[PDB]
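> The structure follows.
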Amino acid sequence: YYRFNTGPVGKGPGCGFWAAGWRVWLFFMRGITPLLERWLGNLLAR
Amino acid sequence: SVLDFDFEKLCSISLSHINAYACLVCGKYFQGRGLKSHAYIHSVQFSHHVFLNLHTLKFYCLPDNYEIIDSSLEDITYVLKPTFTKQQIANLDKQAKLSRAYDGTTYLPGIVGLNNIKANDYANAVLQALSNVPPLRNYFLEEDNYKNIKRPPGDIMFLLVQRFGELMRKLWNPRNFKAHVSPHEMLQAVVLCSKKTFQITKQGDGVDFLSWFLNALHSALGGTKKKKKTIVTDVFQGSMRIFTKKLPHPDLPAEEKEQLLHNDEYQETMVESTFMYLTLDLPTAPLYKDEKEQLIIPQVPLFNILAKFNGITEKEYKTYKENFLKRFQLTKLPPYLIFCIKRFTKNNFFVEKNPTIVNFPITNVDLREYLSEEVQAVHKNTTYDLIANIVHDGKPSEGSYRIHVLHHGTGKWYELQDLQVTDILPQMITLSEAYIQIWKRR
Amino acid sequence: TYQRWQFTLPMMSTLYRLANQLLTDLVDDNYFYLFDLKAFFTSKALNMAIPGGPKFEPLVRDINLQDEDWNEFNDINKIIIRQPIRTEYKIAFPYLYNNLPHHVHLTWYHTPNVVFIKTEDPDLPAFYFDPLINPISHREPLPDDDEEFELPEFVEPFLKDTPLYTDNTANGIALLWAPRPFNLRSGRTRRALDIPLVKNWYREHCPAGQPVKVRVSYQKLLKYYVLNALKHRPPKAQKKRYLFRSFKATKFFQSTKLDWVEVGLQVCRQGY
Amino acid sequence: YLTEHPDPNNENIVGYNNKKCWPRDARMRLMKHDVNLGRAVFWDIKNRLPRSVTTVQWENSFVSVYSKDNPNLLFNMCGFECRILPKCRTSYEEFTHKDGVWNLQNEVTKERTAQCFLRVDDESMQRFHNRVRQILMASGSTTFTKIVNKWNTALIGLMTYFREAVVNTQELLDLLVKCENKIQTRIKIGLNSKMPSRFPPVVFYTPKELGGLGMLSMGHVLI
Amino acid sequence: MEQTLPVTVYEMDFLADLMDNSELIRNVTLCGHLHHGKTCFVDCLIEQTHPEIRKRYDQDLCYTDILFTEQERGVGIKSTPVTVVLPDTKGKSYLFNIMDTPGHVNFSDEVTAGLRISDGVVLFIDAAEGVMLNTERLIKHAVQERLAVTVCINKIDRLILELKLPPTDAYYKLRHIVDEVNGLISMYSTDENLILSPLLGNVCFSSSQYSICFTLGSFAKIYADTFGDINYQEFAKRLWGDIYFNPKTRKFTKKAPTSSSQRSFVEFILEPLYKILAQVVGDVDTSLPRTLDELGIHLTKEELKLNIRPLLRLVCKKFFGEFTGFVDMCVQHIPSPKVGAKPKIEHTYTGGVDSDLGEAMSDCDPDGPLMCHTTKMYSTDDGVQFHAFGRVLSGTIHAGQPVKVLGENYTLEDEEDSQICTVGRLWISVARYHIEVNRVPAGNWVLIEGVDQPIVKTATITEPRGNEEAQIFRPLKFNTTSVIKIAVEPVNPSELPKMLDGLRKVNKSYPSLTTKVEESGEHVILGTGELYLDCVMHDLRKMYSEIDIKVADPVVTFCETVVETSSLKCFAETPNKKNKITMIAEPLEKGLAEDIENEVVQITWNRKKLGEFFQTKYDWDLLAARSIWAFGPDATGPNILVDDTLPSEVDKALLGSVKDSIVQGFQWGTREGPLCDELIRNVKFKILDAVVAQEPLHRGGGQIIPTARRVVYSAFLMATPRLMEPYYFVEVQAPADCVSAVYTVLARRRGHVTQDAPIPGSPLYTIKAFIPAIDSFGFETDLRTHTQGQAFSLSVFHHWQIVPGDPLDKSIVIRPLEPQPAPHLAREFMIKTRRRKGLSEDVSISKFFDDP
Amino acid sequence: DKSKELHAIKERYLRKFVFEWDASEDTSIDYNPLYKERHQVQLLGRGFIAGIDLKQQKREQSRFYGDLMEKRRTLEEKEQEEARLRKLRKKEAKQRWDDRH
RNA sequence: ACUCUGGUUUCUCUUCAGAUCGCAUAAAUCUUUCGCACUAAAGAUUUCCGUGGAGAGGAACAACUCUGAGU
Ligand SMILES: O=P(O)(O)O[C@H]1[C@@H](OP(=O)(O)O)[C@@H](OP(=O)(O)O)[C@@H](OP(=O)(O)O)[C@@H](OP(=O)(O)O)[C@H]1OP(=O)(O)O
């Protein structure tokens with residue numbers, strides 16, 4: 001925000017630079033995946 | 001009175017070990033032996049106009065650079081560099097007159113205290129006990145016996161063989177300026193040559209320290225070869241023939257057990273090794289009173305304690321996934337047997353020290369009743385007598401290490417603290433729970 | 001497979017021109033002095049705080065000031081004070097301005113300044129003395145020509161035909177000093193998630209006059225980066241088994257191709 | 001002492017016992033001559049009495065010196081950690097007679113030759129905290145009046161013994177406030193099951209004759 | 001030998017045979033300013049010499065930075081000498097005893113060590129940055145050291161690609177650099193033959209980043225290989241300078257024809273380089289093959305697919321081949337050890353060249369007495385043993401030989417400093433992998449192993465049982481003086497012996513490092529700057545003494561100084577009242593202190609020369625100048641002892657009987673100082689009169705020296721004294737847009753910006769200042785932090801200045817944590833020094849006086 | 001500041017899901033002015049930071065490099081620079097010409 | 001300038017990899033650390049996120065441009 005929203009483009013909802021948050025949540029999902037997968041596999045046994 | 005040449009031989013300001021020259025008036029040690037050197041400046045400034053070179057062993061007037069010649073000063077040189085004559089190194093048993101120090105304290109050579117620099121009690125005791133043995137004391141009292149040792153140039157372990165010799169020579173000085181010697185140099189060398197183990201800050205196990213020192217001395221006495229016939233290896237190391245075996249299995253029937261008993265899976269083998277120290281294990285306290293034994297300290301006879309090493313007495317080892325039921329046998333006895341009773345063990349949640357007493361007669365004893373039958377008559381002499389005992393009194397965590405040593409020359413078995421020398425009755429020697437004992441086979 | 005990406009110099013120049021807005025336009029890494037990964041690691045390990053950087057819990061518990069009592073080498077009445085040694089002056093020379101600097105990674109000394117006069121107008125020639133460069137003051141026992149130092153008629157400079165400038169010459173010399181992806185000319189196609197487009201902005205010093213919230217956000221990002229860097233245990237040697245390829249080998253899976261929107265809707269329905 | 005126990009590594013100061021209660025400015029300062037002289041005095045005292053009968057350990061004891069490098073002579077008598085600071089070294093520091101300070105004047109001149117700053121010894125504060133903790137824990141089924149009486153007795157003893165030093169030791173005042181808060185919380189729990197939002201001090205501090213708990217507290221509980 | 005060495009173009013047996021030759025060894029040091037390119041140039045030399053060792057694409061293969069501190073800190077820490085065999089331009093193969101010294105101003109000690117074990121210096125100048133403070137300092141030191149110099153220009157790639165100056169402007173910048181170097185040389189040179197120029201063949205143009213080393217002769221030979229039948233020497237004699245080439249006449253015209261013909265150098269040398277660098281770095285994909293075919297180089301598809309910078313390095317290495325030009329220039333300028341033996345013996349070797357032993361050493365005959373000399377003492381990998389390093393001036397040191405290692409003070413009269421040792425197992429001077437050897441012929445550099453026991457700083461190994469009339473090589477004289485002091489103590493005093501052993505080892509390791517223990521028991525160790533001491537601690541606490549050590553705040557070694565004349569006549573008497581000396585103190589005439597300290601006014605000369613140099617330059621009276629006694633604290637000291645005794649009252653012979661004692665006492669006093677126990681500078685103590693008894697038992701001996709010291713202290717205290725502090729010249733190189741910030745930063749450190757100026761050809765200016773060292777701690781961090789990491793600075797103790805206040809001022813109070821103001825500095829400095837040193841806190845004018 | 005500097009010198013001598021990191025946990029409060037107001041990274045008057053508006057970044061320049069450029073450039077160089085600036089302004093106007101409502 | 005083993009792409013499997021295996025960055029368990037641990041550090045372990053090396057097999061289209069080699 002504080003970088004893009006400068007000059008003619010002031011404060012607003014038009015900031016569409018989402019790669020950083022996407023990367024952070026992708027890393028979080030990749031880390032979380034083994035635990036959730038193990039839980040789901042344990043749930044469906046026999 | 002102020003001359004103490006026990007610590008490191010360095011300069012006051014220069015902090016260099018080359019061309020040192022201690023001051024015979026100012027007490028401290030400086031460097032140089034002439035003008036524009038630290039010694040001349042220290043002599044001019046402090047008016048201390050008498051200096052002796054720690055290497056040249058000559059007394060010179062440093063401000064005037066005129067070497068002095070007075071035989072009355074030979075005491076300072078003797079205290080700085082204690083040299084034992086060829087015959088004087090063998091008259092240690094003829095110690096009749098008490099050696100009075102330059103201070104106001106009569107004493108006897110060998111019975112001297114090593115200052116307890118922090119928790120140096122274990123190392124000080126081990127050193128004062130190992131110095132009692134006439135073999136090692138005589139070997140270390142002659143610098144020629146170790147000066148020409150071919151050690152690698154880039155080795156630090158050679159300091160242990162060199163520093164221990166200086167301590168042994170100082171502790172046997174008949175005309176020492178003081179009545180005690182500081183183990184600072186030897187203990188510092190031991191700390192440096194042990195990889196942060198057995199330092200002077202935190203006390204260590206006496207048995208472990210003795211074992212490490214003996215191994216270092218054996219590996220340092222030999223030089224540029226695998227010469228196992230070291231002075232330490234010849235004076236305090238013997239041969240034990242462990243006719244050891246193993247058990248097949250506790251959870252197997254008769255057939256499966258006999259199969260391994262016959263297929264050499266539970267066979268008896270002779271693995272004879274060199275037993276430098278015989279860890280005679282004391283039995284655990286019963287932790288229960290009885291009708292007898294008005295004192296609640298469980299006594300134990302030495303003969304029963306030492307009979308475990310005999311051939312008949314079998315011992316079990318709880319090895320991983322096996323019942324190693326072994327049995328030892330002393331093939332050959334060393335001239336000075338060293339026994340270290342492991343009076344401290346580790347419990348399931350702590351580390352307790354067994355308080356059982358070792359009823360060991362300190363006059364005469366023979367191990368021929370526990371020796372190997374093969375060479376029983378080969379060892380002509382078997383009447384061994386205890387020479388020195390080191391007892392670790394007190395709690396395991398906070399404990400004191402006292403040494404009860406039987407002095408030669410006289411017959412009194414003096415008990416020595418860190419810096420206090422007392423007299424102990426022979427019957428009282430067998431009372432304190434001993435930890436490490438060294439006996440002479442006579 | 002998209003494993004190698006080697007483009008020509010003009011292509012990389014055009015890519016850098018189309019992306020110079022997101023690039024920090026730096027030349028010498030010396031502009032990040034006492035603000036690099038090593039500096040942050042040394043600050044964290046010394047229980048100090050670089051003002052422009054983050055701060056974490058001490059690695060080793062530090063005793064209080066009163067734990068020592070006016071030691072001969074710790075007497076305040078003997079130290080001459082001229083300027084207070086800040087945390088920067090300690091994180092810069094850890095071995096001289098920090099007692100017991102256990103596990104203190106040193107930082108690289110100043111690399112020579114990259115004096116690269118960046119181009120500003122394509123019209124100007126490639127190797128031209130720009131006004132930014134300070135002028136050189138034009139103020140040799142040269143032998144006389146009376147001798148017979150005559151060269152053969154075939155002797156010529158090696159690149160007489162090759163010009164001293166070119167259309168791509170100035171642009172090519174520009175790419176020498178550039179962010180790493182622009183600096184290289186042949187690379188491997190990294191993963192999309194593995195290419196942070198904003199890391200260099202956070203790594204640099206915070207912009208001047210930023211609000212307290214922005215400064216705190218930058219400090220937190222630096223803390224996260226330093227934590228992910230100090231814990232960079234190298235990966236272990238796996239057997240290289242591909243779960244996706246394994247499921248593909250399984251007879252209970254089919255293969256097709258569909259738009260990401262349709263696949264996302266199908267995945268949402270499947271999750272529901 | 002050096003002849004009978006040399007320390008060429010200057011390790012005598014590695015173990016000298018200083019008082020962590022007083023600030024670093026007033027403590028022994030651990031000098032070169034000071035530490036060695038203190039160790040020498042401790043040894044000479046220990047070397048007099050035989051160790052067989054009774055020995056004064058060099059660890060649990062305390063030898064403090066005052067000299068050119070140590071301006072404050074610190075002592076700990078009768079559970080009152082004091083620190084005498086002579087006016088010869090306390091110059092350029094006016095005399096503000098706070099409760100904690102104890103102006104020790106001269107004998108003949110009757111002038112203030114020093115100032116014996118006093119403070120409750122940490123052992124006494126630890127004992128008081130242990131007593132308060134035991135009273136709170138061993139309250140059990142005892143009536144609130146009994147707990148209040150026990151707390152009042154403890155506070156009366158603490159304040160009457162350390163009459164002056166209870167003010168200088170700001171740690172002691174904080175401990176007293178914490179103990180009073182803990183006792184009030186225990187009483188409130190005994191009365192109200194939940195946490196009472198600012199229960200009035202009238203319930204606690206009212207005298208026994210009027211029906212209150214009769215709590216004697218040294219806190220700043222403004223009515 | 002049964003040794004093991006990395007594969008090399010030459011042969012180990014061939015290298016040993018070449019070493020056996022006495023007139024083919026190049027003893028050179030690659031002196032150069034910080035980050036000039038010296039280490040990378042040695043790396044290129046090694047890469048050519050060692051085929052296996054190659055440079056990584058990104059990280060340069062620093063094969064001359066062995067120490068971890070130099071490996072990570074970036075700046076070179078110590079000199080890693082390398083002795084390797086490399087070919088020349090003609091084709092003959094030499095061996096080079098190179099020594100890659102560091103460029104940091106603080107680490108000038110290693111440079112000073114290198115010169116005493118070398119015959120010539122190869123100065124390194126960065127093309128983009130020109131001459132720097134370290135470059136000028138190294139030039140001055142080398143020329144003062146009386147050694148050959150061969151300036152070379154590196155980092156030309158910066159001009160060709162970063163700065164992008166036109167070829168004519170490039171030649172202008174190079175000519176300005178050479179002119180500045182020559183002018184700096186002539187400021188201190190003596191013989192006019194010491195000139196440097198590409199026309200004279202004492203200049204090389206290199207680029208370590210891409211292996212673009214060449215010269216006029218080598219590049220003319222490149223033309224010769226490309227064309228053929230070209231006289232390389234005569235043509236290269238016309239390839240440089242203002243002369244222009246005329247194609248019509250096929251001759252080079254002194255007067256420039258056609259009104260558009262650039263200089264010969266730009267026309268032939270710069271143009272092609274520009275063209276090839278532009279093609280490689282700007283138009284590789286399009287016109288790479290055509291240019292390569294024109295130049296003749298062929299590169300495979302893999303080699304031409306590299307990144308721009310490694311590809312440029314490969315192309316330049318193919319084009320220029322070996323570094324023949326550098327070797328040719330070194331052979332031309334830097335003489336052989338036999339040729340340069342006489343200058344070395346005359347300069348550094350003591351005992352005189354004309355002496356019999358001096359003549360034998362000057363002969364440089366391996367079949368002669370062994371009189372080697374070890375400058376630096378290197379440390380083994382384990383850090384336990386030390387390996388002394390030096391070059392044999394004569395004889396042939398061999399393994400297992402018994403030697404007599406004369407120490408740094410093993411004089412002839414008092415040989416007590418000698419220590420007869422047995423050197424053995426010595427290797428050759430390789431950089432990253434030493435190679436063993438059986439013997440060491442006279443001229444090569446030998447890394448002995450075993451003579452390190454008495455070798456503290458510098459020593460000369462001699463031959464026992466022979467050469468009984470021998471002297472010890474003169475101790476090193478460093479460029480600058482150490483002024484920073486830092487007390488260090490172990491955190492746990494139990495490990496003090498380990499820390500002091502490590503301190504002795506690190507004192508041996510660093511040449512200029514000074515260590516001592518004061519009366520307060522502090523373990524003070526000196527040092528040139530700040531990064532110097534940081535490296536000292538990073539080695540002390542992690543390499544030699546692995547314990548943790550606590551270091552106090554850095555300080556500056558203050559020096560005493562008298563301002564006014566002696567207040568009155570001080571009558572000091574020796575004990576027993578047999579002698580009564582009297583000395584009157586007076587400050588020395590301005591400039592005379594710096595003249596004595598620069599060894600210009602050498603008391604070693606005879607009476608006539610010293611008298612003339614004192615009566616003429618110093619304007620001293622012809623009778624006053626004829627009664628000098630000594631030279632204050634040291635041989636080159638800022639104090640002068642003058643025998644001002646009136647002959648009508650004092651017998652000359654009787655005074656001479658106490659002359660030695662008086663001189664020794666004066667030296668001791670000037671070394672000690674009466675105010676803060678510090679060296680007294682810029683004083684002229686004159687013995688006004690003296691009473692001397694007859695018998696030596698009553699007069700002199702142990703009584704005159706203490707009386708002399710007391711009289712000196714009383715004289716230096718009676719005259720109004722003043723403490724002095726070191727002022728370190730700082731040359732901050734910053735962009736002209738940031739010079740204002742550089743001036744602002746130096747404002748808050750009591751230092752004035754002496755001179756600001758832009759760098760000719762470079763956008764970055766070079767601001768020069770003089771910040772006092774006392775408040776200069778951390779100044780580099782502030783300068784590089786207030787400028788956002790765009791300015792770097794160095795420091796060197798230029799001179800000393802009087803403290804703003806008065807030391808003997810009892811009316812000024814102090815503070816434990818508040819910096820004393822400007823007028824309250826001298827008294828605060830004196831009190832804090834006397835407290836840190838543990839001396840008495842009061843030094844009155846009647847402290848050492850006779851009456852009290 | 002000054003009192004803070006002296007106090008710092010003396011010092012050197014001797015549950016709840018918080019969403020937004022509070023400003024209390026921030027750094028860079030330096031007493032010294034030299035380490036608080038430091039000269040920015042002016043890339044020789046030809047570069048600036050990333051992300052920020054290029055027009056805004058160039059507008060807020062220090063003008064120190066611009067003064068040297070306008071007082072050192074040659075007359076022909078000045079004319080070429082003026083032509084380039086005119087071309088850039090024309091390009092901006094063309095961008096401004098495409099904006100309408 | 002004559003000839004010559006030598007094509008790349010792509011799919012799959014095995015095995016090795018402490019190299020910044022990756023110019024990116026998570027998760028979980030234990031252990032030590034002060035709590036009274038999203039808001040916390042340290043040490044270890046493990047699983048994912050996906051790689052590089054080599055080998056083996058497979059199907060598409062290049063057959064010598066290329067380069068190394070046999071002149
Ligand atoms: O606190 P700031 O960083 O100044 O930002 C706050 C607010 O944050 P808080 O929740 O902490 O008040 C939001 O910004 P975030 O910090 O949450 O991103 C909000 O924007 P959103 O609700 O869209 O997130 C807006 O920030 P901005 O002005 O950048 O849109 C607002 O700013 P102000 O408090 O300055 O009005």
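Labeling convention for the structure tokens: chains A, B, ... as they appear, residues from 1 per chain, ligands from 1 in order of appearance.
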Identify all chain E residues at most 6 Å from chain F by counting only C-alpha atoms; ligands do not count. Present them as a PyMOL selection string.
chain E and resi 786-787+817
> Take the residues from that selection and put them in a file with N, CA, C and O atoms, as a short mmCIF file (atom, residue, chain, number, x, y, z; two decimals), in the first residue's frame.

data_model
loop_
_atom_site.label_atom_id
_atom_site.label_comp_id
_atom_site.auth_asym_id
_atom_site.auth_seq_id
_atom_site.Cartn_x
_atom_site.Cartn_y
_atom_site.Cartn_z
N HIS E 786 25.63 7.71 7.98
CA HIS E 786 24.96 8.96 7.64
C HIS E 786 24.88 9.18 6.14
O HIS E 786 24.07 10.01 5.70
N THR E 787 25.69 8.47 5.36
CA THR E 787 25.67 8.58 3.90
C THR E 787 25.01 7.37 3.24
O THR E 787 25.16 7.17 2.04
N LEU E 817 30.14 9.52 33.16
CA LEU E 817 29.50 9.15 31.90
C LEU E 817 29.17 10.36 31.03
O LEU E 817 28.55 10.18 29.97
#
> Grab me every residue within 8 Å of ligand 1, counting only C-alpha atoms (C1' of nucleotides) and all ligand atoms, and send it over as a list in words.
residues 1, 2, 11, 12 and 13 of chain A; 211, 212, 213 and 214 of chain C; 19, 20, 21 and 22 of chain F
> Since we have the selection now, will you write its residues out, keeping N, CA, C and O atoms, as a compact mmCIF listing (two decimals), in the first residue's frame?

# COMPACT_ATOMS: atom_id res chain seq x y z
N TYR A 1 0.84 -1.18 0.00
CA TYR A 1 0.00 0.00 0.00
C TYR A 1 0.88 1.23 0.00
O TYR A 1 0.88 2.02 -0.94
N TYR A 2 1.66 1.38 1.06
CA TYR A 2 2.40 2.62 1.29
C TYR A 2 3.39 2.89 0.17
O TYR A 2 3.87 4.02 0.01
N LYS A 11 -5.05 7.03 -1.34
CA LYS A 11 -5.65 5.91 -0.61
C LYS A 11 -6.92 5.45 -1.30
O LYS A 11 -7.78 6.25 -1.65
N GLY A 12 -7.04 4.13 -1.48
CA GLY A 12 -8.19 3.56 -2.14
C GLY A 12 -8.15 2.05 -2.19
O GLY A 12 -7.23 1.41 -1.67
N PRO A 13 -9.16 1.45 -2.83
CA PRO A 13 -9.24 -0.02 -2.92
C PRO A 13 -8.64 -0.63 -4.18
O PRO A 13 -8.74 -1.85 -4.35
N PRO C 211 5.23 6.23 7.94
CA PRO C 211 4.51 6.19 9.22
C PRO C 211 5.03 5.06 10.10
O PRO C 211 5.75 4.16 9.67
N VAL C 212 4.64 5.14 11.38
CA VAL C 212 5.10 4.15 12.36
C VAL C 212 4.63 2.75 11.97
O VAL C 212 5.35 1.77 12.16
N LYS C 213 3.41 2.65 11.44
CA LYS C 213 2.89 1.35 11.02
C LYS C 213 3.76 0.75 9.92
O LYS C 213 4.07 -0.45 9.95
N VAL C 214 4.15 1.56 8.94
CA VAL C 214 4.97 1.06 7.84
C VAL C 214 6.34 0.62 8.34
O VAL C 214 6.88 -0.41 7.92
N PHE F 19 -4.04 -8.63 15.85
CA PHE F 19 -3.99 -8.70 14.40
C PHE F 19 -2.87 -7.83 13.84
O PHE F 19 -2.00 -8.32 13.11
N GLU F 20 -2.86 -6.55 14.18
CA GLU F 20 -1.89 -5.60 13.66
C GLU F 20 -0.79 -5.38 14.69
O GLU F 20 -1.07 -5.11 15.86
N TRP F 21 0.46 -5.51 14.25
CA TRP F 21 1.60 -5.27 15.12
C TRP F 21 1.59 -3.83 15.62
O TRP F 21 1.64 -2.89 14.83
N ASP F 22 1.53 -3.67 16.94
CA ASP F 22 1.47 -2.34 17.53
C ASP F 22 2.77 -1.58 17.29
O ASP F 22 3.85 -2.17 17.15
> Counting only C-alpha atoms, a student should be able to say which residues of chain D come within 7 Å of chain C; what is the right answer, written as a list in words?
residues 24, 27, 29, 30 and 31 of chain D
> Please report, as a Markdown table, each residue of chain D lying at most 8 Å from chain E, together with the nearest pair of atoms and the separation in Å rounded to one decimal; use only C-alpha atoms, and order rows by chain and ascending residue number.

| residue | atom | partner | partner_atom | distance |
| --- | --- | --- | --- | --- |
| D:9 | CA | E:496 | CA | 5.7 |
| D:10 | CA | E:493 | CA | 6.5 |
| D:11 | CA | E:493 | CA | 5.4 |
| D:14 | CA | E:493 | CA | 7.0 |
> Take the residues that were just selected and, keeping N, CA and C atoms, output them as a PDB file, in the first residue's frame.

ATOM      1  N   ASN D   9      47.006 -16.036  39.063  1.00  0.00           N
ATOM      2  CA  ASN D   9      46.048 -15.697  38.021  1.00  0.00           C
ATOM      3  C   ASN D   9      45.065 -14.615  38.449  1.00  0.00           C
ATOM      4  N   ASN D  10      45.293 -13.979  39.599  1.00  0.00           N
ATOM      5  CA  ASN D  10      44.402 -12.949  40.136  1.00  0.00           C
ATOM      6  C   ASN D  10      42.964 -13.457  40.219  1.00  0.00           C
ATOM      7  N   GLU D  11      42.811 -14.655  40.776  1.00  0.00           N
ATOM      8  CA  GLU D  11      41.513 -15.305  40.896  1.00  0.00           C
ATOM      9  C   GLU D  11      40.900 -15.144  42.280  1.00  0.00           C
ATOM     10  N   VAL D  14      37.406 -13.707  42.109  1.00  0.00           N
ATOM     11  CA  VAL D  14      36.416 -14.496  41.383  1.00  0.00           C
ATOM     12  C   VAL D  14      35.300 -14.968  42.306  1.00  0.00           C
TER      13      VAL D  14
END
> With a distance cut-off of 9 Å and only C-alpha atoms (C1' of nucleotides), select the neighbouring residues of residue 174 (chain C), excluding the residue or stretch itself and same-chain residues fewer than 2 positions from it, and output the selection as a VMD selection string.
(chain C and resid 13 116 118 to 119 169 to 172 176 to 178) or (chain E and resid 161 to 162 282)
> Keeping only N, CA, C and O atoms, take the residues you just selected and write them out as a compact mmCIF listing (two decimals), in the first residue's frame.

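See again15.txt below for the written result:
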# COMPACT_ATOMS: atom_id res chain seq x y z
N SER C 13 17.67 -6.55 -22.13
CA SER C 13 17.63 -5.10 -21.95
C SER C 13 16.20 -4.58 -22.00
O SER C 13 15.80 -3.74 -21.18
N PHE C 116 29.42 3.75 -11.98
CA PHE C 116 28.86 3.45 -13.30
C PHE C 116 27.89 4.56 -13.67
O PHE C 116 26.82 4.69 -13.07
N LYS C 118 25.11 5.75 -15.31
CA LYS C 118 23.96 5.19 -16.00
C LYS C 118 23.51 6.10 -17.13
O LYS C 118 23.56 7.33 -17.01
N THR C 119 23.08 5.49 -18.23
CA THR C 119 22.63 6.26 -19.38
C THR C 119 21.34 7.00 -19.06
O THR C 119 20.56 6.57 -18.21
N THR C 169 25.51 -1.56 -27.61
CA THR C 169 26.71 -1.49 -26.78
C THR C 169 26.43 -0.80 -25.45
O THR C 169 26.78 -1.33 -24.39
N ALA C 170 25.80 0.38 -25.49
CA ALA C 170 25.49 1.08 -24.25
C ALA C 170 24.49 0.30 -23.41
O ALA C 170 24.65 0.18 -22.19
N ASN C 171 23.45 -0.24 -24.05
CA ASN C 171 22.48 -1.05 -23.32
C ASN C 171 23.14 -2.28 -22.71
O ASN C 171 22.89 -2.62 -21.55
N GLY C 172 24.01 -2.95 -23.48
CA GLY C 172 24.71 -4.10 -22.94
C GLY C 172 25.58 -3.74 -21.75
O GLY C 172 25.61 -4.47 -20.75
N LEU C 176 25.36 -4.84 -17.06
CA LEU C 176 26.39 -5.31 -16.15
C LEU C 176 26.03 -5.01 -14.71
O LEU C 176 26.16 -5.87 -13.82
N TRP C 177 25.58 -3.79 -14.44
CA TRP C 177 25.12 -3.38 -13.12
C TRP C 177 23.60 -3.39 -13.13
O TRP C 177 22.97 -2.49 -13.69
N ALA C 178 23.01 -4.41 -12.51
CA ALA C 178 21.57 -4.61 -12.55
C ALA C 178 21.21 -5.62 -11.47
O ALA C 178 22.09 -6.30 -10.93
N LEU E 161 34.00 0.00 -19.17
CA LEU E 161 32.60 -0.42 -19.15
C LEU E 161 31.74 0.32 -18.15
O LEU E 161 30.58 0.61 -18.44
N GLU E 162 32.26 0.63 -16.96
CA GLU E 162 31.47 1.34 -15.96
C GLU E 162 31.51 2.85 -16.20
O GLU E 162 30.47 3.48 -16.42
N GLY E 282 28.23 -5.87 -24.92
CA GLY E 282 27.08 -5.16 -25.43
C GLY E 282 26.43 -5.75 -26.66
O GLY E 282 25.23 -5.56 -26.88
> Please run DSSP on the backbone and report, as an NGL selection string, all residues within region 88-240 of chain B that come out as helix (DSSP H, G or I).
:B and (91-93 or 121-130 or 134-140 or 144-147 or 158-171 or 184-192 or 206-221 or 231-236)
> If we count only C-alpha atoms (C1' of nucleotides), what is near region 82-89 of chain C at a cut-off of 10 Å, once residues fewer than 2 positions away on the same chain are taken out, given as a ChimeraX atom specification?
/C:34-35,39,43,46-52,79-80,91-94,96-98 /E:553,555,748-749,774-782,785,817-821,825 /F:5-6,8-10,12-13,30-32,35
